[PDB]
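Reproduced below: upload31.txt, with compact mmCIF, C-alpha atoms.
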# COMPACT_ATOMS: atom_id res chain seq x y z
CA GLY A 1 3.36 2.20 37.32
CA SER A 2 2.61 0.68 40.72
CA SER A 3 -0.62 -1.29 41.08
CA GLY A 4 -2.75 -2.38 44.02
CA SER A 5 -4.85 -5.43 43.17
CA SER A 6 -4.67 -8.41 45.53
CA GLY A 7 -6.86 -10.99 43.81
CA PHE A 8 -7.09 -13.63 41.09
CA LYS A 9 -9.70 -11.54 39.28
CA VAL A 10 -9.15 -9.05 36.45
CA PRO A 11 -11.39 -6.29 35.03
CA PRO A 12 -12.67 -6.32 31.42
CA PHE A 13 -10.66 -3.14 30.87
CA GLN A 14 -7.49 -4.11 32.74
CA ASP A 15 -4.84 -1.71 31.44
CA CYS A 16 -7.24 -0.77 28.64
CA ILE A 17 -8.49 2.73 27.84
CA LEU A 18 -11.78 3.55 26.13
CA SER A 19 -12.55 6.69 24.11
CA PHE A 20 -16.10 7.87 23.42
CA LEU A 21 -16.95 10.13 20.48
CA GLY A 22 -20.46 11.31 19.69
CA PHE A 23 -22.42 10.73 22.88
CA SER A 24 -23.57 13.81 24.79
CA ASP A 25 -21.31 15.24 27.50
CA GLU A 26 -23.79 13.48 29.79
CA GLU A 27 -23.91 10.03 28.19
CA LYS A 28 -20.14 10.13 27.72
CA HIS A 29 -19.35 11.18 31.28
CA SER A 30 -21.34 8.23 32.62
CA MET A 31 -19.13 5.98 30.48
CA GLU A 32 -15.92 7.64 31.66
CA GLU A 33 -16.67 7.10 35.35
CA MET A 34 -17.99 3.61 34.60
CA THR A 35 -14.74 2.47 32.96
CA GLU A 36 -13.01 3.20 36.27
CA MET A 37 -15.65 1.35 38.29
CA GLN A 38 -15.11 -1.74 36.15
CA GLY A 39 -11.32 -1.47 36.18
CA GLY A 40 -10.16 0.67 33.29
CA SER A 41 -9.23 4.20 32.23
CA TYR A 42 -10.71 6.88 29.97
CA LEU A 43 -8.99 9.52 27.83
CA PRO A 44 -10.17 12.34 25.53
CA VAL A 45 -10.45 11.54 21.83
CA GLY A 46 -7.25 12.17 19.90
CA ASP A 47 -4.80 11.02 22.57
CA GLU A 48 -2.87 8.14 21.01
CA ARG A 49 -2.48 6.83 24.56
CA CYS A 50 -5.90 5.28 23.97
CA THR A 51 -5.98 1.61 22.98
CA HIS A 52 -9.65 1.24 22.12
CA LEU A 53 -11.95 3.72 20.39
CA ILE A 54 -15.71 3.44 20.96
CA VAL A 55 -17.53 5.60 18.41
CA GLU A 56 -21.31 5.88 18.16
CA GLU A 57 -22.02 4.71 14.61
CA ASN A 58 -25.60 5.74 15.35
CA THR A 59 -24.87 9.45 15.00
CA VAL A 60 -21.27 9.21 13.79
CA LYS A 61 -20.41 8.64 10.13
CA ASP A 62 -16.68 9.39 10.01
CA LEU A 63 -13.97 9.95 12.62
CA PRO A 64 -12.59 13.49 13.12
CA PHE A 65 -9.12 11.97 12.78
CA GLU A 66 -7.24 9.14 11.07
CA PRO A 67 -6.21 6.66 13.80
CA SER A 68 -3.63 3.92 13.24
CA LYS A 69 -4.44 0.23 12.79
CA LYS A 70 -3.11 -0.35 16.30
CA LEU A 71 -6.16 1.45 17.68
CA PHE A 72 -9.11 -0.95 17.78
CA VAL A 73 -12.23 1.06 16.93
CA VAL A 74 -15.55 -0.50 17.95
CA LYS A 75 -19.20 0.45 18.42
CA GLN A 76 -20.92 1.62 21.61
CA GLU A 77 -22.36 -1.82 22.33
CA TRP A 78 -18.90 -3.30 22.86
CA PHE A 79 -18.35 -1.03 25.86
CA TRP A 80 -21.84 -1.59 27.27
CA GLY A 81 -21.92 -5.37 26.91
CA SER A 82 -18.45 -5.92 28.37
CA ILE A 83 -19.84 -4.11 31.42
CA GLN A 84 -23.07 -6.11 31.58
CA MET A 85 -21.22 -9.42 31.31
CA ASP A 86 -18.12 -7.90 32.92
CA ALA A 87 -16.00 -9.50 30.19
CA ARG A 88 -13.84 -8.02 27.43
CA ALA A 89 -15.76 -8.89 24.27
CA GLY A 90 -14.13 -9.38 20.88
CA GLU A 91 -13.52 -6.21 18.88
CA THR A 92 -13.99 -8.21 15.69
CA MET A 93 -17.62 -8.44 16.80
CA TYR A 94 -18.03 -4.70 17.31
CA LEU A 95 -15.46 -3.42 14.80
CA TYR A 96 -16.59 0.03 13.67
CA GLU A 97 -16.83 0.21 9.88
CA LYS A 98 -18.40 3.64 9.38
CA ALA A 99 -21.65 1.69 9.07
CA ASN A 100 -24.34 4.20 8.08
CA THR A 101 -27.75 3.24 9.44
CA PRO A 102 -31.11 4.68 8.30
CA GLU A 103 -33.46 6.81 10.40
CA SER A 104 -30.45 8.71 11.72
CA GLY A 105 -32.55 11.63 12.91
CA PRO A 106 -36.06 12.51 11.66
CA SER A 107 -37.82 9.18 11.13
CA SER A 108 -40.97 10.68 9.61
CA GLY A 109 -40.71 11.31 5.88
Output the structure of this file as structure tokens.
Amino acid sequence: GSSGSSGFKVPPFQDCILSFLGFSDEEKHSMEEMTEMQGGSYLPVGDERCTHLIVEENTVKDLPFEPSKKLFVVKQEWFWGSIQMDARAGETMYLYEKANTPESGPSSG
């Protein structure tokens, strides 16, 4: 794979793919294009070619598949932040643990 970067700077997603699962075709798209703008790639869920998996624990409880340990699954924040600070944050800080949060949908009760 031939590259074309003439600089001492590197993107927060350099040679790193990000998969989004849960967000709406709209919210997701935005992320897909973004990844490229920053300096990374984006692939459809399932493709093992993906290195990182960003799942929305807000509306997602369990993954539709059983990924390997190699794949680092994190929350949605991880992706966002990294972009805001333009720096690859630590997955151990956004590691997705099927964390189920309250008020998932209808708050009123």
Between CA of residue 90 (chain A) and CA of residue 2 (chain A), what is the distance, to one decimal in Å?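 Interatomic distance here is 27.8 Å.
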Counting all atoms listed in the file, which residues have an atom no more than 10 Å from (-20.4, -5.4, 33.9) in the file's coordinates? Please list them as a PyMOL selection string. chain A and resi 11-12+34-35+37-38+79-88
Show which residues sit within 12 Å of region 23-26 of chain A, as a PDB file with C-alpha atoms, in the frame of the given file. Count all atoms listed in the file, and ignore same-chain residues fewer than 5 positions away.
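Final file, around.pdb:
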ATOM      1  CA  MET A  31     -19.130   5.980  30.480  1.00  0.00           C
ATOM      2  CA  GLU A  32     -15.920   7.640  31.660  1.00  0.00           C
ATOM      3  CA  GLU A  33     -16.670   7.100  35.350  1.00  0.00           C
ATOM      4  CA  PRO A  44     -10.170  12.340  25.530  1.00  0.00           C
ATOM      5  CA  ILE A  54     -15.710   3.440  20.960  1.00  0.00           C
ATOM      6  CA  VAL A  55     -17.530   5.600  18.410  1.00  0.00           C
ATOM      7  CA  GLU A  56     -21.310   5.880  18.160  1.00  0.00           C
ATOM      8  CA  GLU A  57     -22.020   4.710  14.610  1.00  0.00           C
ATOM      9  CA  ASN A  58     -25.600   5.740  15.350  1.00  0.00           C
ATOM     10  CA  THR A  59     -24.870   9.450  15.000  1.00  0.00           C
ATOM     11  CA  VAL A  60     -21.270   9.210  13.790  1.00  0.00           C
ATOM     12  CA  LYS A  75     -19.200   0.450  18.420  1.00  0.00           C
ATOM     13  CA  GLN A  76     -20.920   1.620  21.610  1.00  0.00           C
TER      14      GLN A  76
END
Given all atoms listed in the file as the counted atoms, nearest of A:78, A:42, A:62, A:73 to residue 100 (chain A):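 Looking at the shortest contact to residue 100 (chain A), the residue is A:62.
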Test item: which residues lie within 12 Å of (-2.6, -6.0, 21.4) counting all atoms listed in the file, as a PDB file with C-alpha atoms, in the frame of the given file:
ATOM      1  CA  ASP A  15      -4.840  -1.710  31.440  1.00  0.00           C
ATOM      2  CA  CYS A  16      -7.240  -0.770  28.640  1.00  0.00           C
ATOM      3  CA  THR A  51      -5.980   1.610  22.980  1.00  0.00           C
ATOM      4  CA  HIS A  52      -9.650   1.240  22.120  1.00  0.00           C
ATOM      5  CA  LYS A  69      -4.440   0.230  12.790  1.00  0.00           C
ATOM      6  CA  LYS A  70      -3.110  -0.350  16.300  1.00  0.00           C
ATOM      7  CA  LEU A  71      -6.160   1.450  17.680  1.00  0.00           C
ATOM      8  CA  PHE A  72      -9.110  -0.950  17.780  1.00  0.00           C
ATOM      9  CA  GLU A  91     -13.520  -6.210  18.880  1.00  0.00           C
TER      10      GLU A  91
END
Could you check how far CA of residue 96 (chain A) sits from CA of residue 77 (chain A), in Å to one decimal? 10.6 Å
What separation in Å, quoted to one decimal, exists between CA of residue 99 (chain A) and CA of residue 18 (chain A)? 19.8 Å
Considering all atoms listed in the file, state which residue in the set A:39, A:65, A:94, A:105 is at the smallest distance from residue 4 (chain A). A:39
